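Shown next, in C-alpha coordinates, is the structure this report addresses.
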Amino acid sequence: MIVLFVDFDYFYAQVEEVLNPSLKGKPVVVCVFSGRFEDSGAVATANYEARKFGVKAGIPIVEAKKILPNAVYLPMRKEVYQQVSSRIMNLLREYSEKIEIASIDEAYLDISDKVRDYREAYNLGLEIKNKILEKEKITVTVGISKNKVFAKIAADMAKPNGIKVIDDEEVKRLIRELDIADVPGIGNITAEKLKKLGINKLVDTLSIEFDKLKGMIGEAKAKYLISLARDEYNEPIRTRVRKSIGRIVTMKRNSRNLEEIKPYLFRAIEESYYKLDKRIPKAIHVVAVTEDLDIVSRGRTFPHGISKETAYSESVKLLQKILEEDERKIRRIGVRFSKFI
DNA sequence: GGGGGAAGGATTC
DNA sequence: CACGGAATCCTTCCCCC
Ligand SMILES: Nc1nc2c(ncn2[C@H]2C[C@H](O)[C@@H](COP(=O)(O)OP(=O)(O)OP(=O)(O)O)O2)c(=O)[nH]1
Ligand SMILES: [Mg+2]
Ligand SMILES: [Mg+2]
Ligand SMILES: [Mg+2]
Ligand SMILES: [Mg+2]
(Lines give C-alpha, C1' and ligand atoms only; values in the text may rest on other atoms or scores of the structure.)
(Ligands and ions follow the chains in the order given, each with its own letter.)
Protein backbone atom coordinates (compact mmCIF):
# COMPACT_ATOMS: atom_id res chain seq x y z
CA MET A 1 0.00 0.00 0.00
CA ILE A 2 1.16 3.51 -0.85
CA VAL A 3 -0.42 6.49 0.87
CA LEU A 4 -0.04 10.09 -0.20
CA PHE A 5 -1.14 12.65 2.40
CA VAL A 6 -1.65 16.32 1.62
CA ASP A 7 -1.84 19.25 4.03
CA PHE A 8 -2.28 22.92 3.02
CA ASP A 9 0.39 25.28 4.40
CA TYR A 10 -0.66 27.78 7.13
CA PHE A 11 -4.04 27.44 5.45
CA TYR A 12 -6.33 30.16 6.85
CA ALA A 13 -3.57 32.72 6.67
CA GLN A 14 -2.45 31.70 3.18
CA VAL A 15 -6.01 31.90 1.92
CA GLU A 16 -5.95 35.48 3.17
CA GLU A 17 -2.67 36.02 1.30
CA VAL A 18 -4.20 34.64 -1.89
CA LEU A 19 -7.01 37.18 -1.48
CA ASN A 20 -4.49 39.92 -0.77
CA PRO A 21 -0.89 39.51 -2.02
CA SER A 22 -0.13 42.81 -0.32
CA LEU A 23 -0.11 40.71 2.87
CA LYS A 24 2.45 38.25 1.51
CA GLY A 25 5.85 38.71 3.08
CA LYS A 26 4.22 40.32 6.10
CA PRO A 27 3.32 38.46 9.32
CA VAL A 28 -0.36 37.44 9.28
CA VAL A 29 -2.42 36.22 12.21
CA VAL A 30 -5.96 34.95 11.65
CA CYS A 31 -7.90 35.47 14.90
CA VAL A 32 -11.05 34.31 16.57
CA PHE A 33 -12.29 37.35 18.52
CA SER A 34 -14.57 36.56 21.47
CA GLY A 35 -15.68 40.02 22.55
CA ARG A 36 -15.28 39.80 26.35
CA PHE A 37 -13.21 42.98 25.77
CA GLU A 38 -11.15 43.76 22.75
CA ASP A 39 -8.43 41.62 21.31
CA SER A 40 -9.72 38.91 23.57
CA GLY A 41 -9.69 35.47 21.97
CA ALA A 42 -7.28 33.04 20.39
CA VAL A 43 -5.24 32.70 17.23
CA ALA A 44 -6.69 30.27 14.66
CA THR A 45 -3.36 30.22 12.80
CA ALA A 46 -0.54 32.43 11.46
CA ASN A 47 1.72 32.37 8.42
CA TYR A 48 5.30 31.18 8.92
CA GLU A 49 6.69 34.69 9.19
CA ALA A 50 4.70 35.10 12.36
CA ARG A 51 5.40 31.58 13.68
CA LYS A 52 9.10 32.37 13.85
CA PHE A 53 8.43 34.64 16.80
CA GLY A 54 6.15 32.16 18.52
CA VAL A 55 2.75 33.37 17.26
CA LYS A 56 0.73 30.21 16.65
CA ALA A 57 -2.70 28.57 16.82
CA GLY A 58 -3.94 28.32 20.38
CA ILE A 59 -2.29 31.28 22.10
CA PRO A 60 -4.28 34.33 23.28
CA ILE A 61 -4.52 37.13 20.75
CA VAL A 62 -3.15 39.53 23.38
CA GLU A 63 0.01 37.46 23.57
CA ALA A 64 0.43 37.73 19.84
CA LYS A 65 -0.07 41.54 19.84
CA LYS A 66 2.55 41.62 22.58
CA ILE A 67 5.10 39.78 20.42
CA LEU A 68 4.12 41.24 17.04
CA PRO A 69 2.24 44.53 17.56
CA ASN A 70 2.44 45.44 13.88
CA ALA A 71 1.72 42.14 12.17
CA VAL A 72 -1.60 42.07 10.32
CA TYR A 73 -4.45 40.68 12.43
CA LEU A 74 -7.38 39.36 10.43
CA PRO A 75 -10.67 37.96 11.75
CA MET A 76 -11.23 34.30 10.88
CA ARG A 77 -13.53 33.88 7.85
CA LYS A 78 -14.19 30.14 7.90
CA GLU A 79 -16.90 30.00 5.19
CA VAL A 80 -14.35 31.27 2.73
CA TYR A 81 -11.56 28.87 3.78
CA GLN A 82 -14.10 26.07 3.61
CA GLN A 83 -15.17 26.81 0.01
CA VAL A 84 -11.55 27.10 -1.06
CA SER A 85 -10.84 23.82 0.71
CA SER A 86 -13.81 22.03 -0.88
CA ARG A 87 -12.47 23.11 -4.25
CA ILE A 88 -9.02 21.76 -3.51
CA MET A 89 -10.59 18.55 -2.22
CA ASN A 90 -12.49 17.99 -5.48
CA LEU A 91 -9.23 18.54 -7.31
CA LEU A 92 -7.67 15.79 -5.18
CA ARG A 93 -10.41 13.29 -5.93
CA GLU A 94 -9.17 13.36 -9.51
CA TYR A 95 -6.11 11.42 -8.38
CA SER A 96 -7.91 8.66 -6.49
CA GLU A 97 -11.41 7.47 -5.61
CA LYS A 98 -9.98 6.28 -2.31
CA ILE A 99 -9.78 9.55 -0.40
CA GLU A 100 -10.13 10.47 3.27
CA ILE A 101 -10.62 14.15 4.04
CA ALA A 102 -9.41 14.25 7.65
CA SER A 103 -9.75 17.97 8.37
CA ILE A 104 -10.48 21.25 6.67
CA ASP A 105 -7.05 21.13 5.04
CA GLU A 106 -5.78 17.58 4.77
CA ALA A 107 -6.53 14.31 3.04
CA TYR A 108 -5.01 10.90 2.64
CA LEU A 109 -5.19 9.30 -0.78
CA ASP A 110 -4.71 5.62 -1.51
CA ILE A 111 -2.72 5.70 -4.73
CA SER A 112 -1.51 2.10 -4.54
CA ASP A 113 -3.13 1.39 -7.92
CA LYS A 114 -2.45 4.65 -9.72
CA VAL A 115 1.26 4.35 -8.97
CA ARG A 116 3.77 1.49 -9.18
CA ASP A 117 6.38 2.67 -6.66
CA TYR A 118 7.61 5.54 -4.50
CA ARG A 119 9.43 7.07 -7.47
CA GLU A 120 6.18 7.58 -9.35
CA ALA A 121 4.32 8.57 -6.18
CA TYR A 122 6.83 11.36 -5.63
CA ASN A 123 6.08 12.42 -9.24
CA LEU A 124 2.35 12.17 -8.64
CA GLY A 125 2.95 14.26 -5.54
CA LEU A 126 4.72 16.97 -7.54
CA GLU A 127 1.95 16.80 -10.11
CA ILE A 128 -0.61 17.37 -7.33
CA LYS A 129 1.29 20.19 -5.66
CA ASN A 130 1.74 21.98 -8.96
CA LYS A 131 -1.87 21.43 -9.94
CA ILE A 132 -3.09 22.89 -6.63
CA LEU A 133 -0.69 25.81 -6.75
CA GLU A 134 -1.50 26.41 -10.40
CA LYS A 135 -5.29 26.27 -9.93
CA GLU A 136 -5.73 27.80 -6.46
CA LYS A 137 -2.36 29.49 -5.78
CA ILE A 138 -2.17 27.49 -2.54
CA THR A 139 1.03 25.75 -1.56
CA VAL A 140 0.74 22.44 0.29
CA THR A 141 3.06 19.82 1.74
CA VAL A 142 2.85 16.14 0.73
CA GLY A 143 3.65 13.02 2.72
CA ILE A 144 4.02 9.58 1.18
CA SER A 145 4.53 6.23 2.89
CA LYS A 146 3.18 2.73 3.57
CA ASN A 147 0.37 3.88 5.90
CA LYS A 148 -1.55 7.01 6.87
CA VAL A 149 0.37 7.61 10.08
CA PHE A 150 3.78 7.72 8.40
CA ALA A 151 2.38 9.66 5.45
CA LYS A 152 1.28 12.30 7.97
CA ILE A 153 4.68 12.22 9.69
CA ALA A 154 6.34 12.60 6.28
CA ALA A 155 4.47 15.82 5.57
CA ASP A 156 5.13 17.11 9.09
CA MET A 157 8.85 16.70 8.48
CA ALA A 158 8.66 18.42 5.10
CA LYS A 159 6.59 21.44 6.15
CA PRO A 160 6.28 23.93 4.52
CA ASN A 161 5.80 23.63 0.75
CA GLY A 162 7.59 20.32 0.80
CA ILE A 163 7.13 16.73 -0.21
CA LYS A 164 8.71 13.70 1.37
CA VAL A 165 8.70 9.95 1.03
CA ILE A 166 9.39 7.66 3.97
CA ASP A 167 10.32 4.24 2.54
CA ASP A 168 10.18 0.87 4.32
CA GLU A 169 13.82 1.50 5.20
CA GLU A 170 13.13 4.86 6.83
CA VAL A 171 9.96 3.58 8.52
CA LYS A 172 12.17 1.03 10.28
CA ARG A 173 14.54 3.80 11.28
CA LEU A 174 11.84 6.17 12.55
CA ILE A 175 10.25 3.46 14.70
CA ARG A 176 13.53 3.58 16.56
CA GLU A 177 14.40 7.27 16.08
CA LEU A 178 11.14 9.25 16.16
CA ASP A 179 10.28 10.78 19.53
CA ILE A 180 6.95 9.18 20.42
CA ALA A 181 5.64 12.67 21.12
CA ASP A 182 5.93 13.40 17.37
CA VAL A 183 3.53 10.54 16.68
CA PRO A 184 0.01 11.57 15.53
CA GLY A 185 -2.66 10.92 18.12
CA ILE A 186 -0.28 11.40 21.00
CA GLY A 187 -0.73 14.73 22.75
CA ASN A 188 1.19 16.22 25.68
CA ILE A 189 -0.94 14.22 28.14
CA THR A 190 -0.28 10.78 26.69
CA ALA A 191 3.28 11.85 25.88
CA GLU A 192 4.20 12.43 29.50
CA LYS A 193 2.34 9.30 30.60
CA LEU A 194 4.50 7.35 28.16
CA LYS A 195 7.62 8.72 29.86
CA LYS A 196 6.58 7.87 33.41
CA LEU A 197 6.73 4.41 31.81
CA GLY A 198 10.16 4.98 30.25
CA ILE A 199 8.85 4.98 26.67
CA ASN A 200 10.36 7.74 24.51
CA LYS A 201 10.22 5.96 21.15
CA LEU A 202 7.74 3.78 19.30
CA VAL A 203 10.00 0.74 19.62
CA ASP A 204 9.97 1.16 23.41
CA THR A 205 6.32 0.02 23.42
CA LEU A 206 7.63 -3.40 22.42
CA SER A 207 9.47 -3.67 25.75
CA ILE A 208 6.56 -3.41 28.18
CA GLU A 209 3.73 -5.72 29.22
CA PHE A 210 0.71 -4.89 27.06
CA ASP A 211 -1.53 -5.07 30.10
CA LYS A 212 0.61 -2.40 31.75
CA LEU A 213 0.49 -0.16 28.68
CA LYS A 214 -3.22 -0.84 28.23
CA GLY A 215 -3.31 0.27 31.83
CA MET A 216 -1.59 3.62 31.47
CA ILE A 217 -2.99 4.84 28.16
CA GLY A 218 -5.99 2.65 27.49
CA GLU A 219 -6.26 -0.38 25.24
CA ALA A 220 -7.00 1.59 22.06
CA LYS A 221 -3.97 3.85 22.29
CA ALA A 222 -1.83 0.86 23.31
CA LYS A 223 -2.81 -1.32 20.36
CA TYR A 224 -2.32 1.72 18.16
CA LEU A 225 1.25 2.41 19.30
CA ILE A 226 2.17 -1.29 19.39
CA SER A 227 0.95 -2.05 15.86
CA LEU A 228 2.84 0.99 14.57
CA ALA A 229 6.09 -0.22 16.10
CA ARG A 230 5.42 -3.79 14.95
CA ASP A 231 5.36 -2.15 11.51
CA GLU A 232 1.92 -3.74 11.38
CA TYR A 233 -0.35 -0.63 11.37
CA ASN A 234 -2.54 -0.75 8.27
CA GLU A 235 -5.74 1.31 8.65
CA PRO A 236 -7.40 1.87 5.25
CA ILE A 237 -8.37 5.21 3.69
CA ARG A 238 -12.09 5.76 4.18
CA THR A 239 -14.57 8.55 3.52
CA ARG A 240 -15.36 10.12 6.89
CA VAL A 241 -18.95 10.97 7.78
CA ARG A 242 -20.14 13.94 9.82
CA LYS A 243 -21.60 12.61 13.07
CA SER A 244 -22.00 15.86 14.97
CA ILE A 245 -23.03 19.42 14.13
CA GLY A 246 -22.96 22.11 16.78
CA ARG A 247 -22.07 25.66 17.74
CA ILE A 248 -20.62 27.35 20.82
CA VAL A 249 -20.24 31.02 21.71
CA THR A 250 -18.50 33.14 24.31
CA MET A 251 -20.60 35.44 26.48
CA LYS A 252 -19.51 39.03 27.15
CA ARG A 253 -19.27 38.26 30.87
CA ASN A 254 -19.59 35.15 33.00
CA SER A 255 -22.92 34.30 34.56
CA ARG A 256 -25.24 31.83 36.24
CA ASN A 257 -28.35 33.73 35.20
CA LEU A 258 -30.57 31.87 32.72
CA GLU A 259 -32.20 34.88 31.03
CA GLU A 260 -28.71 36.28 30.55
CA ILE A 261 -27.46 33.03 29.04
CA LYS A 262 -30.49 32.10 26.87
CA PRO A 263 -29.90 34.49 23.97
CA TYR A 264 -26.44 32.99 23.50
CA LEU A 265 -27.83 29.46 23.68
CA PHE A 266 -30.65 30.18 21.23
CA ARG A 267 -28.21 31.88 18.90
CA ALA A 268 -26.12 28.70 18.97
CA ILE A 269 -29.21 26.57 18.23
CA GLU A 270 -30.19 28.70 15.20
CA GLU A 271 -26.72 28.42 13.71
CA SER A 272 -26.52 24.72 14.42
CA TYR A 273 -29.87 24.02 12.74
CA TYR A 274 -28.78 26.03 9.76
CA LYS A 275 -25.65 23.88 9.50
CA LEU A 276 -27.80 20.75 9.98
CA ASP A 277 -29.32 21.59 6.60
CA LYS A 278 -31.70 18.61 6.15
CA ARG A 279 -30.10 16.38 8.77
CA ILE A 280 -32.46 15.39 11.57
CA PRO A 281 -30.76 14.86 14.94
CA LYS A 282 -32.14 12.55 17.62
CA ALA A 283 -29.61 13.72 20.18
CA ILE A 284 -28.66 17.05 21.69
CA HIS A 285 -26.09 18.11 24.27
CA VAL A 286 -25.64 21.50 25.84
CA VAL A 287 -21.98 22.22 26.46
CA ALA A 288 -20.71 24.78 28.91
CA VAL A 289 -17.28 26.19 29.64
CA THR A 290 -17.05 27.41 33.23
CA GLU A 291 -14.96 30.28 34.62
CA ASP A 292 -12.00 28.02 35.35
CA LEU A 293 -12.06 26.96 31.69
CA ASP A 294 -13.51 23.58 32.66
CA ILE A 295 -15.93 21.84 30.28
CA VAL A 296 -19.28 20.43 31.41
CA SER A 297 -22.12 18.93 29.36
CA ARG A 298 -25.64 17.51 29.68
CA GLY A 299 -27.53 15.80 26.89
CA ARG A 300 -30.39 13.49 25.94
CA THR A 301 -31.27 11.12 23.10
CA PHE A 302 -34.86 11.08 21.86
CA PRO A 303 -36.47 8.06 20.13
CA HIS A 304 -37.43 10.44 17.34
CA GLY A 305 -35.82 13.32 15.49
CA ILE A 306 -35.59 16.70 17.23
CA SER A 307 -37.44 19.73 15.85
CA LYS A 308 -36.04 23.20 16.42
CA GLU A 309 -38.83 24.02 18.87
CA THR A 310 -38.01 20.86 20.83
CA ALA A 311 -34.29 21.66 20.87
CA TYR A 312 -35.18 25.12 22.14
CA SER A 313 -37.05 23.84 25.17
CA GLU A 314 -34.89 20.79 25.83
CA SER A 315 -31.74 22.95 25.77
CA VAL A 316 -33.06 25.22 28.50
CA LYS A 317 -33.77 22.15 30.59
CA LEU A 318 -30.23 20.77 30.09
CA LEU A 319 -28.75 24.22 30.86
CA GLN A 320 -30.81 24.35 34.05
CA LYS A 321 -29.49 20.90 34.91
CA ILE A 322 -25.97 22.26 34.39
CA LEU A 323 -26.52 25.36 36.51
CA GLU A 324 -28.22 23.32 39.23
CA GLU A 325 -25.45 20.72 39.17
CA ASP A 326 -22.43 23.05 38.85
CA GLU A 327 -21.84 26.06 41.11
CA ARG A 328 -19.35 27.80 38.78
CA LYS A 329 -20.18 30.77 36.59
CA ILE A 330 -20.56 29.98 32.93
CA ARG A 331 -18.15 31.47 30.41
CA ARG A 332 -19.10 29.79 27.14
CA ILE A 333 -22.30 28.08 26.17
CA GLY A 334 -23.11 25.82 23.25
CA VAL A 335 -25.23 23.09 21.72
CA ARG A 336 -24.37 19.99 19.75
CA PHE A 337 -26.59 17.76 17.61
CA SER A 338 -25.85 14.15 16.69
CA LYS A 339 -27.35 10.74 15.87
CA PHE A 340 -28.87 11.90 12.60
CA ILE A 341 -31.69 9.86 11.09
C1' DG B 1 -21.63 -12.79 33.11
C1' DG B 2 -22.52 -10.12 29.28
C1' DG B 3 -25.14 -7.63 25.36
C1' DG B 4 -26.65 -2.86 24.18
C1' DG B 5 -27.23 1.80 25.15
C1' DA B 6 -26.60 6.10 27.09
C1' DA B 7 -24.53 9.72 29.65
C1' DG B 8 -20.43 12.61 31.13
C1' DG B 9 -15.73 13.30 30.65
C1' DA B 10 -10.98 13.32 28.72
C1' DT B 11 -7.55 13.78 24.91
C1' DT B 12 -6.25 15.34 20.42
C1' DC B 13 -6.05 18.20 16.69
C1' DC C 1 -5.22 34.94 28.88
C1' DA C 2 -7.02 30.56 25.69
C1' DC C 3 -11.72 30.10 20.10
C1' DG C 4 -13.90 26.71 18.14
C1' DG C 5 -15.59 22.21 15.99
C1' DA C 6 -15.62 17.12 16.14
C1' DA C 7 -13.83 12.37 16.49
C1' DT C 8 -12.65 8.80 19.38
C1' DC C 9 -12.08 6.72 23.51
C1' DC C 10 -12.88 5.45 28.52
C1' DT C 11 -15.60 4.81 32.61
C1' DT C 12 -19.93 4.29 34.83
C1' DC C 13 -24.41 2.97 35.19
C1' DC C 14 -28.73 0.94 34.01
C1' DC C 15 -32.14 -2.89 32.07
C1' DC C 16 -32.54 -7.59 31.95
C1' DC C 17 -32.05 -12.35 29.97
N1 LIG D 1 -9.77 28.19 15.39
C2 LIG D 1 -8.78 27.30 15.28
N3 LIG D 1 -8.42 26.84 14.08
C4 LIG D 1 -7.39 25.98 13.94
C5 LIG D 1 -6.67 25.54 15.04
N6 LIG D 1 -5.72 24.73 14.59
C7 LIG D 1 -5.84 24.65 13.27
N8 LIG D 1 -6.85 25.42 12.86
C9 LIG D 1 -7.34 25.59 11.47
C10 LIG D 1 -6.63 26.79 10.81
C11 LIG D 1 -5.36 26.12 10.31
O12 LIG D 1 -4.79 26.91 9.28
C13 LIG D 1 -5.99 24.87 9.71
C14 LIG D 1 -4.97 23.79 9.34
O15 LIG D 1 -4.27 23.34 10.50
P16 LIG D 1 -2.76 22.78 10.41
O17 LIG D 1 -2.78 21.84 11.55
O18 LIG D 1 -2.86 22.23 8.90
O19 LIG D 1 -2.08 24.23 10.54
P20 LIG D 1 -1.87 25.24 9.31
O21 LIG D 1 -2.41 24.66 8.06
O22 LIG D 1 -2.32 26.60 9.70
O23 LIG D 1 -0.27 25.29 9.20
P24 LIG D 1 0.61 24.06 8.65
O25 LIG D 1 1.28 24.36 7.36
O26 LIG D 1 -0.36 22.78 8.58
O27 LIG D 1 1.68 23.71 9.81
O28 LIG D 1 -6.95 24.45 10.70
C29 LIG D 1 -7.02 26.00 16.31
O30 LIG D 1 -6.40 25.64 17.32
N31 LIG D 1 -8.09 26.90 16.43
MG1 LIG E 1 -1.85 22.87 7.02
MG1 LIG F 1 -4.06 20.17 8.37
MG1 LIG G 1 1.49 14.48 17.67
MG1 LIG H 1 -13.03 18.55 33.92
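In what follows, every heavy atom counts, from backbone to side chain, and hydrogens, waters and symmetry copies are set aside. Order of the sequence lines sets the chain letters (A, B, ...), proteins ahead of strands, with each chain counted from 1.
- Side-chain nitrogen and oxygen atoms of A/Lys321 include none within less than 4.0 Å of the OP1 or OP2 phosphate oxygen of B/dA7.
- Within the 4.0 angstrom heavy-atom criterion, only backbone atoms of the sugar-phosphate kind lie near A/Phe37; the bases stay farther away.
- Contact check on A/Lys262 versus A/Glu259 returns a salt bridge, with a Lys/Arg side-chain nitrogen under 4.0 Å from an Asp/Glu carboxylate oxygen.
- One interatomic measurement links the two molecules: CD of A/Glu314 to P of B/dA7, which rounds to 10 Å at whole-angstrom precision.
- At the heavy-atom level, A/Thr190 lies under 4.0 Å from the strands shown only through sugar-phosphate atoms.
- Per the geometry, CG belonging to A/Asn188 stands 16 Å off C1' belonging to C/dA2, to the nearest Å.
- The residue A/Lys339 sits close only to the backbone: its heavy atoms come under 4.0 Å of sugar-phosphate atoms, none of a base.
- Under 4.0 angstrom from either OP1 or OP2 of C/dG4 there lies at least one side-chain N or O belonging to A/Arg332.
- A cation-pi geometry, defined here as NZ or CZ lying under 6.0 Å from the six-membered ring centre and within 45° of its normal, does not hold between A/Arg267 and A/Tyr264.
- Closest approach of A/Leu68 to A/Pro27, counting heavy atoms only: CD1-CB, 4.3 Å.
- For the pair A/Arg93 and A/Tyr95, the cation-pi criterion (under 6.0 Å, within 45° of the ring axis) is not fulfilled.
- In this entry the distance linking CZ of A/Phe33 with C1' of C/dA2 reads 14 Å, nearest Å.
- Of the residues in residues 214-244 of chain A, not one comes within less than 4.0 Å of DNA chain B through any heavy atom.
- Remark: A/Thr301 is in phosphate contact with B/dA7, judged by side-chain N or O atoms under 4.0 Å from OP1 or OP2.
- When the P atom of C/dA6 is taken as reference, atom CD1 of A/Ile104 falls 10 Å away, rounded to whole Å.
- Each of B/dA7, C/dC3, C/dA6 was ranked by its minimum atom distance to the side chain of A/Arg336; first place goes to C/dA6.
- Distances from the side chain of A/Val32 to the nucleotides B/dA6, C/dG4, C/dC1 place C/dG4 closest.
- Each of C/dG5, C/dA2, B/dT11 was ranked by its minimum atom distance to the side chain of A/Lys193; first place goes to B/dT11.
- In this structure, A/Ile61 places its CD1 atom 12 Å from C1' of C/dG4, rounding to the nearest Å.
- The side-chain tip of A/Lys243 does not point at the ring of A/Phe340 from less than 6.0 angstrom away and within 45° of straight on.
- One finds a side-chain N or O of A/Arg331 lying less than 4.0 angstrom from the OP1 or OP2 phosphate oxygen of C/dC3.
- Heavy atoms of A/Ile59 sit nowhere under 4.0 angstrom from any nucleic acid atom.
- The CD atom of A/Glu271 sits 14 Å away from the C1' atom of C/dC3 (whole-angstrom rounding).
- Each of C/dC1, C/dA6, C/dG5 was ranked by its minimum atom distance to the side chain of A/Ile245; first place goes to C/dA6.
- Taking A/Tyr233 as the reference, A/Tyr224 meet the ring-ring contact (aromatic ring centres under 6.0 Å, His included) condition, with sequence neighbours excluded.
- Across A/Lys275, A/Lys308, A/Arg247, a single residue satisfies salt bridge (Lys or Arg N to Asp or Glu O under 4.0 Å) together with A/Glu270, and that is A/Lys308.
- At whole-Å resolution of the value, CD in A/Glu325 and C1' in B/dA7 are 11 Å apart.
- Taking 4.0 angstrom as the limit, A/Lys275 places a side-chain polar atom (N or O) nearer than this to OP1 or OP2 of C/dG5.
- Note on A/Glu120 versus A/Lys114: no salt bridge recorded, every NZ/NE/NH1/NH2 to OD/OE distance being 4.0 Å or above.
- Under the 4.5 Å side-chain heavy-atom criterion for ILVMFWY residues, no single connected hydrophobic cluster contains both A/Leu23 and A/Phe11.
- For A/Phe150 and A/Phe5, the gap between ring centers reaches or exceeds 6.0 Å.
- Remark: P of C/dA6 and CZ of A/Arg247 are 10 Å apart, rounded to the nearest angstrom.
- In this structure, A/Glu177 does not pair ionically with A/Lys201, as no charged nitrogen and carboxylate oxygen lie closer than 4.0 Å.
- Among the atoms of the strands shown, none is found under 4.0 Å from any heavy atom of A/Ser103.
- A heavy atom lying under 4.0 Å from DNA chain B marks the following residues of residues 284-299 of chain A, by number: A/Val296, A/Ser297, A/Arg298, A/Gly299.
- Residue A/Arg300 has its side chain nearest to B/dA7 when only B/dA7, C/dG5, B/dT11 are considered.
- Each of C/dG5, C/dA2, B/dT11 was ranked by its minimum atom distance to the side chain of A/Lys78; first place goes to C/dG5.
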